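The structure appears below as structure tokens.
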Amino acid sequence: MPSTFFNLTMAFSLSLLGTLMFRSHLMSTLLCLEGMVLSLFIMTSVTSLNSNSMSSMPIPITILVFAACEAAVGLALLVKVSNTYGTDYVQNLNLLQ
Amino acid sequence: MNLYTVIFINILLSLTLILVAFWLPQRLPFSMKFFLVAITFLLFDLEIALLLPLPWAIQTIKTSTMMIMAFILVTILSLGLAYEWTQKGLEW
Amino acid sequence: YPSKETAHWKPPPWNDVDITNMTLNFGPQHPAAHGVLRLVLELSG
Amino acid sequence: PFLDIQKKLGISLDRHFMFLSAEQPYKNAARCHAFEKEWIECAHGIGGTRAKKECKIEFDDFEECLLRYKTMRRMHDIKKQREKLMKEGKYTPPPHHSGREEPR
Amino acid sequence: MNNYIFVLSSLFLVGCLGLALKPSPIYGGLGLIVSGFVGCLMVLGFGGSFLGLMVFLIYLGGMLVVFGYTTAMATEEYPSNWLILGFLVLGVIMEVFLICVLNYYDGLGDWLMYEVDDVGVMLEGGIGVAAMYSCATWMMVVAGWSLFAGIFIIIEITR
Amino acid sequence: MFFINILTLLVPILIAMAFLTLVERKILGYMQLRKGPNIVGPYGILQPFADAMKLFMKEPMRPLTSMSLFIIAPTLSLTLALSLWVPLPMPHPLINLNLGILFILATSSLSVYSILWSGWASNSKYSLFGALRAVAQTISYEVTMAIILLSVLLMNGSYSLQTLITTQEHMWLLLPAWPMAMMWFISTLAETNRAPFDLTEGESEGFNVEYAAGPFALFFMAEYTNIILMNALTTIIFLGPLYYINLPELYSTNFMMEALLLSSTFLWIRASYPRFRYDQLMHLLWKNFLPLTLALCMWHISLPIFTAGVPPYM
Amino acid sequence: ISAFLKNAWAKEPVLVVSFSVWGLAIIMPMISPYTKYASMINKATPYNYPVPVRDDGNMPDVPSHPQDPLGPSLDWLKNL
Amino acid sequence: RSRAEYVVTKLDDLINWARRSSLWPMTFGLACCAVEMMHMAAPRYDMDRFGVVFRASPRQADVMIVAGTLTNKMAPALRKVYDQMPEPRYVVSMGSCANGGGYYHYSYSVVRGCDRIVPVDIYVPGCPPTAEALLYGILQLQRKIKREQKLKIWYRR
Amino acid sequence: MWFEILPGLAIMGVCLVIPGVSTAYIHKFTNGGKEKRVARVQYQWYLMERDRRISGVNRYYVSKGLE
Ligand SMILES: COC1=C(OC)C(=O)C(CC=C(C)C)=C(C)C1=O
Ligand code: SF4
């Protein structure tokens, strides 16, 4: 289990480096952002499962339910952006300078 | 495993067919409704995920709380739907 | 304090606001139509 | 916590399930239910500053009921030993470790 | 079979590395759909059953699909994906690099399932997730509020 | 042995999958006052094999397009559809899965991608427009499709398809829950993109537009196998074939009869009805069916409790 | 109000039925001669071993053979 | 037998039988000879009976039946669609208006024949070529395919 | 008439019963003449493996009162 947890944790860091190093299209980011939620969901489920801690399984899912809406909001902002610029490049989001 | 055996035969059968196929014959996002629908879909999906444990939860000793909870979830989402049907939503 | 390439910035707008519908041609061969109708149609979705 | 509207109202919406020894469904105790209990009935009335130095036996154990790493080091070491000896044939696995048995 | 998990874990990192090189919006969606498949298997590998298929049922086809769905509508435009693939392979062996060192100095299956509770007819997951309705009925309410809030919140973002 | 049991359960279905197209091109025929294909072979029995060979031989033109999201899409479509027959519980199943119906629901859901991937891969306007609408109704229909099953399960007690053989030892689940059968049948018609609900790839030529020869065939095969599988799921979940533990084949014999008749029904539906409009289709699910399903979903959490009929787990 | 229900039953004949069920499911449980059984029938189903207590004495617990007339019974479940 | 030549012939035949039994046509439906084809598809003379599908898109179409005048504006399209079909493809010209120019041969907007824009394999004659005649023409395409010997030429090449 | 749609169906039916009869006899022949036991919950496996450990090396082999 410890080895698998290491992989999942680095997966989250590789997904961390991704969302903290943008490149053009935002939908990539939001997509990356989701890669973390999967890694968190997998790790939470894994330890809960090998701790036989059934009282906590509710969490693995609460994490997904909140993460899904979180993403819903994220995509509506994205659609709003390629309606105002139509190209969804993190590049044009600089009016606030 | 037993399942693996079946599945890899399943992929093999399909990859075999595509190969044979190749080897033998020798931008407007107008419909944010589209997007809207799709937003709904997950909100409903996620909701399903909350309802998916109900078969195990039926056997819960409480029962009263089970139903009280489940009925509240179904009702609040349906109201979400209702408001999708009040403004210009779900009317593509 | 405006420096070099910092004066480029000019004040933000006071109002806080800044300043073919995927036209497709209906097929002539299309089973729809009587065989020769090139209906150009600009369609928003 | 910051605003204890829960204790005041007497409600317990967030405390019943914070530790592995909390009520598990169908009374299926989790791994370590024994230890965590021994750790937290120890650190009850004794604040943290003093739940961290004298109640260290119970955490050092509960840190090994769940991580279960000191074990790994034991077993992993044992493993290597067998390997070396076996390579020179110094050690050989009995039928028990050869897949021969019928306990019932 | 042993270490079935580490292999998978390794595949999960590969998929995350693919999402991290930020490949084209939908080519990588596949990437997620791949590691989501992989994570579905791992949870299903530790005995997890419902939790495992939930992700496959919800994150896999529900979210992710909706994600690409939107990608087609917006951010479907194009301009080095093969270079990304090229460098992807670069780090794949590099994971082994890390793996080699770890193995270099410290064996799965020694333990994947920690206590089996062999005599038990009420031992799976989904009994725990169904505590949303007994003894953990606050997680259920707050999840419900989030969904109800989502319908109201999103309509303005579109409008 | 297990391998032999993989040939059976696959080939047999593939051979049957071929004979469905034939029984489609003849039942539609006589309904329309025409013999249908009888000249190749005896009574058209060799007809399905004939175009299969023509399809594979013709050039799989790769458009001036992706080359993977193009070849992954038919492989995925055939793989998921043939895969979903793995857990089906004819008499006793091949791989009995405790959470079986979630497997079937999840595997179906994955097929929507193949449509999305093929539409993006083609890189022509007809394909992308068709895929976006196609993906929309598939997942739209999935939402009622899933809730309709959750109502069923709660009266079955478990997710395992094997339990329903013991639930339906006295009466079909159509008698109770008929209101959902209809709604399962219509949703089964949408998810197999069959006629009443077959807007994609219509006379308007969606995700076969650029697909010819071998790729065309694989989805193609997939659709028809699905056509059967979904009908078969109707024939286990709602029409429960009589089960006798002493002789397991009368279960499969009646499963054979009910599956063929309900498979015949969507053939009969196709010839009989005009195709619905894209929004007409979603108007049905979100307005007409989803409120019916969500409410009848609650009735199926209440029917158990106050009728003291909570189903036995296991 | 009759019209609000007579045309809504002629046209829109789905939401009417839809709501009706929503309610009927919100009522039957409240009023029924069996609702109570569900929490019992499921409570009774014995899944986890029933651990026996020490007989300090003066107890009504069934001693020895569980068949002793003392204790809980499910004859309510029987002949239900 | 085993001498490969025989083996080859048999194989070719199978290949020919498959293409000749299932020909999926596409009907540009220029003009009227289209009405006489819809009649073939119709019940008196079922095309499907023979394995010809009533309709098909260009990607999945084995034979193109050009029914009707191929006017100069439609001439670039015909070609496109002919060029968008598979490697084993065929063209059955139908109608005097498409075999040659027909009543409109001397016009300024009519191509004098489709065989000036697409290679044509069977020419079905008649102003509204009778539906039976098209059926005869589709059947002669089937005899044309039967005779084709692609693999034996490969072997002898 | 309509007599002819039957040929095709016959070959469909026959190909939809094979699977159900096949899977249900390759089980009763690869499990010693007895249905393949269904291990749904830990306890069913235990007794299943306990039985394995009981005799021979296969579960279908069932030692009786005479043991
Ligand atoms: C008369 O106009 C025409 C059509 O629309 C009315 C067709 O659909 C078709 C297509 C019909 C068949 C036989 C596939 C043809 C041929 C045509 O020309
Ligand atoms: S040939 Fe006779 S029928 Fe065919 S198109 Fe020209 S005129 Fe119309």
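Here chain H follows Swiss-Prot for its numbers: 68-224, in order, are the residues you see.
Cβ atoms are placed via backbone N, Cα and C, with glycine included.
What Swiss-Prot records for H:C99, H:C100, H:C164, H:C194 is [4Fe-4S] cluster binding site.
Here the features listed in Swiss-Prot are painted onto the structure.
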{"residue": "H:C99", "record": "[4Fe-4S] cluster binding site", "Cβ neighbours (10 Å)": "17"}
{"residue": "H:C100", "record": "[4Fe-4S] cluster binding site", "Cβ neighbours (10 Å)": "28"}
{"residue": "H:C164", "record": "[4Fe-4S] cluster binding site", "Cβ neighbours (10 Å)": "28"}
{"residue": "H:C194", "record": "[4Fe-4S] cluster binding site", "Cβ neighbours (10 Å)": "12"}
Other residues, Cβ within 8 Å of H:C99, H:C100, H:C164, H:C194 Cβ centroid ([4Fe-4S] cluster site)
H:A98, H:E103, H:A134, H:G135, H:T136, H:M161, H:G162, H:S163, H:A165, H:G169, H:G193, H:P195, H:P196
Give the helix, strand or coil assignment DSSP yields for H:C194 ([4Fe-4S] cluster binding site).
coil
Under a three-state DSSP reduction, the secondary structure at H:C164 ([4Fe-4S] cluster binding site) is helix
